[PDB]
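Working notes, structure below.
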Amino acid sequence: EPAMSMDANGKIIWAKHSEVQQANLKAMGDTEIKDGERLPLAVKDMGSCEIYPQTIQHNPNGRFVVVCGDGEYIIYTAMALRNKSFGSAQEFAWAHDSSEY
Amino acid sequence: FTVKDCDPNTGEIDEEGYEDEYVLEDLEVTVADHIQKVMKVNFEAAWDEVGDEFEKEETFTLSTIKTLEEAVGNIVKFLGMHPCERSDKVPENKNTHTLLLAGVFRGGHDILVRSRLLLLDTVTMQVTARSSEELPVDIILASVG
């Protein structure tokens with residue numbers, strides 16, 4: 001998988017593609033179609049991180065994602081495209097509440 | 001909101017753009033957005049009087065801590081009123097304390113509080129709220145927290 005987490009507005013923001021820069025997040029779409037049939041995306045990257053992740057997890061309200069990669073955790077302020085925060089991991093739990101970790 | 005993107009250089013303002021909604025913060029409304037803290041028109045009388053018509057009570061008996069101070073943090077500060085009738089002052093310690101305290105609530109009528117904090121050496125205490133408005137007596141006892 002890539003690292004992505006989706007806001008229930010309807011944007012799964014992922015980053016990267018497979019090893020592409022993280023530079024590419026977004027997707028609020030704009031339109032509707034049949035179950036079987038297929039759909040269109042928006043285009044407006046944000047990001048161009050360096051650390052290569054393997055986790056994405058949303059904040060409990062989607063909001064703050066903490067992303068880990070290269071073994072450290074960048075958390076983003078997302079809309080912000082701000083680094084919400086960073087450090088090195090080993091293992092994790094968000095305090096589910098959406099306010100601690 | 002309907003969220004619209006910008007070009008700050010020179011923009012565009014167009015009918016289209018799509019909504020997303022973001023949850024905002026709570027508003028809590030206080031007992032100090034509404035009140036003018038005062039000194040009484042007639043304390044002696046008023047003091048009693050306010051009892052007369054108005055008065056609700058709560059008692060606690062305090063057995064793990066013998067200090068006002070916690071209480072104190074919630075009360076001077078929450079109500080925003082004046083402690084007193086010469087019954088305010090305490091140094092970095094003090095044996096006993098009463099705040100007989102004042103201000104007036106919105107809608108005109110007043111909200112009045114007497115807090116006799118009593119130290120035996122536990123604290124057991126009589127908090128009175130007396131009011132010239134009904135909604136405040138129930139409120140003070142809560143609000144102070």
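We name chains A, B, ... following the order of the structure tokens; residues begin at 1 in each chain, and ligands are numbered from 1 as shown.
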All residues 10 Å or closer to segment 58-66 of chain B, only C-alpha atoms, same chain fewer than 6 positions away omitted, as a PyMOL selection string: chain B and resi 117-129+138+141-142
Those same residues, written as a short mmCIF file (atom, residue, chain, number, x, y, z; two decimals), in the first residue's frame with C-alpha atoms?
data_model
loop_
_atom_site.label_atom_id
_atom_site.label_comp_id
_atom_site.auth_asym_id
_atom_site.auth_seq_id
_atom_site.Cartn_x
_atom_site.Cartn_y
_atom_site.Cartn_z
CA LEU B 117 -16.36 28.16 54.20
CA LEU B 118 -16.08 26.60 57.67
CA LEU B 119 -13.01 24.96 59.01
CA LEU B 120 -13.42 22.82 61.95
CA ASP B 121 -10.37 21.28 60.69
CA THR B 122 -12.05 19.41 58.03
CA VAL B 123 -13.80 21.88 55.97
CA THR B 124 -17.50 21.50 55.89
CA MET B 125 -19.11 24.36 54.10
CA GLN B 126 -22.20 26.23 53.42
CA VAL B 127 -22.43 27.74 49.98
CA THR B 128 -25.41 29.85 49.51
CA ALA B 129 -26.53 31.35 46.42
CA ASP B 138 -29.05 26.98 40.60
CA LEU B 141 -23.68 26.54 42.59
CA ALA B 142 -22.77 24.96 39.27
#
Write out as a PDB file with N, CA, C and O atoms, in the first residue's frame the residues lying within 6 Å of residue 4 of chain A, counting only C-alpha atoms and excluding same-chain residues fewer than 4 positions away.
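Saved as part.pdb:
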ATOM      1  N   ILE A  13      -6.249  11.152   0.749  1.00  0.00           N
ATOM      2  CA  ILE A  13      -5.126  11.806   0.373  1.00  0.00           C
ATOM      3  C   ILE A  13      -4.248  10.708   0.672  1.00  0.00           C
ATOM      4  O   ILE A  13      -4.254  10.116   1.734  1.00  0.00           O
ATOM      5  N   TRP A  14      -3.432  10.474  -0.298  1.00  0.00           N
ATOM      6  CA  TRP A  14      -2.407   9.556  -0.265  1.00  0.00           C
ATOM      7  C   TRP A  14      -1.327  10.454  -0.556  1.00  0.00           C
ATOM      8  O   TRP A  14      -1.528  11.605  -0.922  1.00  0.00           O
ATOM      9  N   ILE A  56       0.431   5.573   7.320  1.00  0.00           N
ATOM     10  CA  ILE A  56      -0.411   6.673   7.315  1.00  0.00           C
ATOM     11  C   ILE A  56      -1.453   6.426   8.326  1.00  0.00           C
ATOM     12  O   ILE A  56      -2.099   5.396   8.345  1.00  0.00           O
TER      13      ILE A  56
END
Write out as a tab-separated table a residue-level contact list of chain A versus chain B with cut-off 9 Å: for each qualifying residue the closest pair of atoms and the distance in Å to one decimal, counting only C-alpha atoms, rows sorted by chain and residue number upward.
residue	atom	partner	partner_atom	distance
A:9	CA	B:20	CA	6.4
A:28	CA	B:18	CA	8.7
A:30	CA	B:18	CA	8.2
Take the residues from that selection and put them in a file with N, CA and C atoms, as a tab-separated table (two decimals), in the first residue's frame.
chain	number	residue	atom	x	y	z
A	9	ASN	N	-14.91	13.83	3.70
A	9	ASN	CA	-15.52	14.74	2.79
A	9	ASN	C	-15.49	13.96	1.55
A	28	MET	N	-10.96	15.80	-3.94
A	28	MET	CA	-12.28	15.96	-3.42
A	28	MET	C	-13.25	15.64	-4.46
A	30	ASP	N	-15.87	15.60	-7.53
A	30	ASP	CA	-16.76	16.57	-8.09
A	30	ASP	C	-17.94	15.96	-8.79
Neighbours of residue 137 of chain B within 12 Å (only C-alpha atoms; same-chain residues fewer than 3 positions away dropped), as number ranges by chain? B: 31, 50-51, 53-58, 105, 109-114, 127-134, 140-144
Where in segment 38-88 of chain B does DSSP assign strand (DSSP E), given as a list in words? residues 56, 57, 58, 59, 60, 61, 62, 82 and 83 of chain B
List the spatial neighbours of residue 21 of chain A as JSON, numbers by chain - criterion: any atom at most 8 Å away, only C-alpha atoms, same-chain residues fewer than 4 positions off excluded. {"A": [15, 16, 17, 47, 48, 49, 50]}
Atomic separation - atom CA of residue 29 of chain B relative to atom CA of residue 136 of chain B, Å: 13.3 Å
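The interatomic distance for the pair atom CA of residue 71 of chain A and atom CA of residue 24 of chain A works out to 21.4 Å.
Residues of segment 37-112 of chain B that DSSP, applied to the backbone, places in alpha helix (DSSP H): residues 43, 44, 45, 46, 47, 48, 49, 50, 51, 52, 53, 69, 70, 71, 72, 73, 74, 75, 76, 77, 78 and 79 of chain B.
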Just to be explicit: take each residue in the selection above, keep N, CA, C and O atoms, and write the result as an mmCIF file, in the first residue's frame.
data_model
loop_
_atom_site.group_PDB
_atom_site.id
_atom_site.type_symbol
_atom_site.label_atom_id
_atom_site.label_comp_id
_atom_site.auth_asym_id
_atom_site.auth_seq_id
_atom_site.Cartn_x
_atom_site.Cartn_y
_atom_site.Cartn_z
ATOM 1 N N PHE B 43 -26.313 45.969 51.659
ATOM 2 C CA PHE B 43 -25.985 44.624 51.976
ATOM 3 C C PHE B 43 -26.765 44.135 53.102
ATOM 4 O O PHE B 43 -27.037 42.982 53.010
ATOM 5 N N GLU B 44 -26.958 44.837 54.241
ATOM 6 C CA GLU B 44 -27.423 44.046 55.356
ATOM 7 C C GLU B 44 -28.638 43.403 55.083
ATOM 8 O O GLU B 44 -28.764 42.209 55.186
ATOM 9 N N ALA B 45 -29.535 44.239 54.650
ATOM 10 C CA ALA B 45 -30.784 43.868 54.336
ATOM 11 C C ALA B 45 -30.715 43.014 53.191
ATOM 12 O O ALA B 45 -31.231 41.920 53.228
ATOM 13 N N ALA B 46 -30.019 43.438 52.145
ATOM 14 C CA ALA B 46 -30.076 42.712 50.908
ATOM 15 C C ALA B 46 -29.587 41.386 51.069
ATOM 16 O O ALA B 46 -30.102 40.464 50.477
ATOM 17 N N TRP B 47 -28.574 41.254 51.885
ATOM 18 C CA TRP B 47 -27.936 40.043 52.136
ATOM 19 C C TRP B 47 -28.925 39.091 52.637
ATOM 20 O O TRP B 47 -28.982 37.977 52.163
ATOM 21 N N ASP B 48 -29.730 39.506 53.588
ATOM 22 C CA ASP B 48 -30.628 38.568 54.183
ATOM 23 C C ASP B 48 -31.707 38.161 53.247
ATOM 24 O O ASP B 48 -32.138 37.020 53.150
ATOM 25 N N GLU B 49 -32.191 39.202 52.597
ATOM 26 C CA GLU B 49 -33.357 39.328 51.796
ATOM 27 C C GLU B 49 -33.274 38.450 50.654
ATOM 28 O O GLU B 49 -34.192 37.757 50.244
ATOM 29 N N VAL B 50 -32.084 38.414 50.105
ATOM 30 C CA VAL B 50 -31.835 37.680 48.957
ATOM 31 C C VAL B 50 -32.020 36.272 49.333
ATOM 32 O O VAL B 50 -32.751 35.606 48.658
ATOM 33 N N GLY B 51 -31.559 35.871 50.513
ATOM 34 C CA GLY B 51 -31.972 34.652 51.129
ATOM 35 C C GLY B 51 -33.411 34.408 51.129
ATOM 36 O O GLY B 51 -33.863 33.339 50.752
ATOM 37 N N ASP B 52 -34.170 35.385 51.640
ATOM 38 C CA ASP B 52 -35.589 35.289 51.802
ATOM 39 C C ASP B 52 -36.251 34.716 50.634
ATOM 40 O O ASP B 52 -36.926 33.703 50.736
ATOM 41 N N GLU B 53 -36.064 35.352 49.478
ATOM 42 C CA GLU B 53 -36.850 34.935 48.388
ATOM 43 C C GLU B 53 -36.075 33.858 47.788
ATOM 44 O O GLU B 53 -36.649 32.995 47.152
ATOM 45 N N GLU B 69 -8.745 26.316 48.811
ATOM 46 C CA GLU B 69 -7.996 26.856 47.733
ATOM 47 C C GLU B 69 -8.439 26.302 46.461
ATOM 48 O O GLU B 69 -8.554 27.027 45.490
ATOM 49 N N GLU B 70 -8.765 25.018 46.416
ATOM 50 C CA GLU B 70 -9.241 24.447 45.207
ATOM 51 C C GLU B 70 -10.523 25.113 44.864
ATOM 52 O O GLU B 70 -10.796 25.501 43.735
ATOM 53 N N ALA B 71 -11.343 25.268 45.908
ATOM 54 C CA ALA B 71 -12.643 25.802 45.807
ATOM 55 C C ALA B 71 -12.518 27.174 45.341
ATOM 56 O O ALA B 71 -13.274 27.592 44.493
ATOM 57 N N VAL B 72 -11.527 27.873 45.904
ATOM 58 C CA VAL B 72 -11.150 29.236 45.745
ATOM 59 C C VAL B 72 -10.781 29.458 44.346
ATOM 60 O O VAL B 72 -11.122 30.496 43.782
ATOM 61 N N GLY B 73 -10.086 28.504 43.713
ATOM 62 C CA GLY B 73 -9.682 28.717 42.376
ATOM 63 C C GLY B 73 -10.938 28.765 41.564
ATOM 64 O O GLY B 73 -11.123 29.734 40.823
ATOM 65 N N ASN B 74 -11.908 27.838 41.799
ATOM 66 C CA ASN B 74 -13.099 27.893 40.977
ATOM 67 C C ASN B 74 -13.944 29.100 41.250
ATOM 68 O O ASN B 74 -14.373 29.714 40.292
ATOM 69 N N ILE B 75 -14.185 29.507 42.517
ATOM 70 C CA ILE B 75 -15.098 30.613 42.816
ATOM 71 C C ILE B 75 -14.802 32.105 42.524
ATOM 72 O O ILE B 75 -15.704 32.747 41.962
ATOM 73 N N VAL B 76 -13.566 32.693 42.837
ATOM 74 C CA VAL B 76 -13.295 34.148 42.617
ATOM 75 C C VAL B 76 -13.351 34.376 41.166
ATOM 76 O O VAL B 76 -13.884 35.381 40.683
ATOM 77 N N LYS B 77 -12.646 33.409 40.513
ATOM 78 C CA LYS B 77 -12.361 33.374 39.133
ATOM 79 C C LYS B 77 -13.590 33.069 38.250
ATOM 80 O O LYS B 77 -13.864 33.866 37.352
ATOM 81 N N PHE B 78 -14.445 32.024 38.548
ATOM 82 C CA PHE B 78 -15.637 31.706 37.755
ATOM 83 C C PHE B 78 -16.700 32.763 37.775
ATOM 84 O O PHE B 78 -17.175 33.208 36.730
ATOM 85 N N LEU B 79 -17.101 33.178 38.996
ATOM 86 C CA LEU B 79 -18.128 34.175 39.150
ATOM 87 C C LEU B 79 -17.748 35.573 38.727
ATOM 88 O O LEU B 79 -18.519 36.262 38.062
#
Surrounding residues of residue 102 of chain B excluding itself and chain neighbours under 4 positions, 6 Å, only C-alpha atoms, as a PyMOL selection string: chain B and resi 37-39+81-82+112
Residue neighbourhood residue 72 of chain A, 10 Å, only C-alpha atoms, exclusion window fewer than 4 positions, as a PyMOL selection string: chain A and resi 51-53+67-68+86-90
Dump as a PDB file, in the first residue's frame, selection limited to C-alpha atoms:
ATOM      1  CA  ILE A  51      11.245  10.253   4.213  1.00  0.00           C
ATOM      2  CA  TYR A  52       9.876   7.203   2.750  1.00  0.00           C
ATOM      3  CA  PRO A  53       6.992   5.897   4.726  1.00  0.00           C
ATOM      4  CA  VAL A  67       2.983   9.217   9.094  1.00  0.00           C
ATOM      5  CA  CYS A  68       6.119   7.280   9.885  1.00  0.00           C
ATOM      6  CA  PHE A  86       8.280  14.503  14.167  1.00  0.00           C
ATOM      7  CA  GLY A  87      10.498  12.028  16.119  1.00  0.00           C
ATOM      8  CA  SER A  88      11.735   8.433  15.747  1.00  0.00           C
ATOM      9  CA  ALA A  89       9.551   5.569  16.449  1.00  0.00           C
ATOM     10  CA  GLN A  90       9.598   2.033  17.080  1.00  0.00           C
TER      11      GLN A  90
END
Residue among A:46, A:25, A:39, A:78 lying closest to residue 2 of chain A, counting only C-alpha atoms: A:25
For the atom pair atom CA of residue 139 of chain B and atom CA of residue 116 of chain B, what is the interatomic distance in Å to one decimal place? 17.7 Å
Measuring between only C-alpha atoms, which one of B:100, B:106, B:68, B:3 shows the shortest distance to residue 15 of chain B?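 Counting only C-alpha atoms, the residue closest to residue 15 of chain B is B:3.
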